[PDB]
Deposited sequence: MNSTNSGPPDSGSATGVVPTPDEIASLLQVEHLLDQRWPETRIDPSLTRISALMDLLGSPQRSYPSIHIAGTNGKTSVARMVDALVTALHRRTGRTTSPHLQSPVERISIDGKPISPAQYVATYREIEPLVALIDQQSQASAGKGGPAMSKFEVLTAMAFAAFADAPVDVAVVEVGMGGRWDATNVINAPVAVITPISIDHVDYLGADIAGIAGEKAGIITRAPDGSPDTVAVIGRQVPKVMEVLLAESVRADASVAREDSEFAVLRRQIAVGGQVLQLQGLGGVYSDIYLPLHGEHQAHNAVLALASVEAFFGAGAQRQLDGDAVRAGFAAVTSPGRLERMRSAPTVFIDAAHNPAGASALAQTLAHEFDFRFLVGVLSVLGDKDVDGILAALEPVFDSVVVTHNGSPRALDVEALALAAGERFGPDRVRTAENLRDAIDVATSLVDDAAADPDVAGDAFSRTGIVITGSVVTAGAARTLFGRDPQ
């Protein structure tokens, strides 16, 4: 019945689905709520890739330093409870429902005042729920991931003392040409002038035109800036059983023998970015044992996460060229597979061709399918896209994800039976958050 109540809430929220760049609705709602989102400090995270992983690393580090955290991330993989976490764990379905019920009369009032002056969007309501729940807990620090962009995102009502910008590239596609400067500018909108110490902008690796824009906006916000490879850096990294071992230069010095239980060079970069952000937040050197303990406790469900071995099955949320490239490089560099089959479903607003082109060098073949989202590309369209990069001989189709996994499985069994192929095989389920999340539920894992 807890689960059932949660389903009732989601059914309503899903009926909501216009933009409000002035942040009028969510600002009004926060006023009615008593401005809960101003009653704790936040670390605020924007960018194209690594936002969620960095958010979870920040949470882990702040928790290892023994402050009580709240964390809001998006999208969710399996259950919307994942979007609001306290003390490093999703809240329960009962708490999620109680949070919605407690703000609902004020949400209804904004919905009505708005339509008498558009309803509030589902993201606006989720964001208000996270902020209310953080004040209900209460937390010492909130870690807040942008839903989309930054400047006009519903989370952008917090004036965060630390703003973090992870690597920026293309993800959502409106045009063939890219306004990388306009893209950078929107995300920079979370770097705000402090009322207090000046805001700190902590910036991961960027292309030059992006960096220029971010530095300009940091100047407009009076923000201090820390940049990867100038103020902090990954110094050394070794692959290790279960992940990797790092030596990081943070803002307060060198931290050594950091074991991070996640695969991928990109996760090393997300780690040092998270470290510099937590250092900035506390004014850092941080206790090195607490930094080692926080990193060791990091999870990032659905980011190159292994569901089993013999055969190995990975799930990965990659849904843009930069992420599919990080995934392909990790599979090639940190493992020794003799045969890999991809199981793929991708949403229609992504750079599908860029995703396939990054994965073609590592997937011996691919099974394309539909992950159940209304926004997913249909199987026939994805099959043709795949065919253009893989050749039709390396492409198969399946009506749904469970079928697609069964197809991949028989391909990997055949490879295993093929003396000059794999007589060290794996299946990689990717292409979307929804694809990764649905697969995670098929493999029976609880939301994290």
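Residues 1 to 21, 39 to 41, 142 to 146, 225 to 226, 316 to 319, 459 to 462 of the deposited sequence, counted from 1, carry no C-alpha coordinates in the model.
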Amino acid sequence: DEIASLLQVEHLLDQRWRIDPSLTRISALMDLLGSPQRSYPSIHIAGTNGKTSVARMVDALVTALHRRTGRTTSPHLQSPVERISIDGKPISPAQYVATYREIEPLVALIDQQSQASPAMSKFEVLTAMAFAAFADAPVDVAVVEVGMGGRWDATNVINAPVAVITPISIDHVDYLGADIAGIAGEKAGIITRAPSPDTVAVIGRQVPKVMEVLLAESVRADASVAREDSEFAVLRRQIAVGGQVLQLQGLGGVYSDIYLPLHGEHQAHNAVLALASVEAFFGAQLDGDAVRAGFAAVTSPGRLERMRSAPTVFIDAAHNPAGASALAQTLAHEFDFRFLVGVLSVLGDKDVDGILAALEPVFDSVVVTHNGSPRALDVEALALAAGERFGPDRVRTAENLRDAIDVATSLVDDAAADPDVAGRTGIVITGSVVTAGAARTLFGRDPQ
From here on, numbers count along this sequence of modelled residues.
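Stretches 359 to 367 and 73 to 81 differ in mean C-alpha B factor, with the higher average recorded for 359 to 367. Stretches 52 to 60 and 405 to 413 differ in mean CA B factor, with 405 to 413 having the higher one. Remark: residue 39 belongs to the lowest third of its chain, ranked by C-alpha B-factor as recorded. When the CA B factors of the chain's modelled residues are split into thirds, the value for residue 118 lands in the highest one. Remark: residue 326 belongs to the highest third of its chain, ranked by C-alpha B-factor as recorded. For residue 333, the recorded CA B-factor ranks within the middle third of the chain. Only modelled residues enter the ranking.
In the PDB entry, residue 255 places in the middle third of its chain by CA B-factor.
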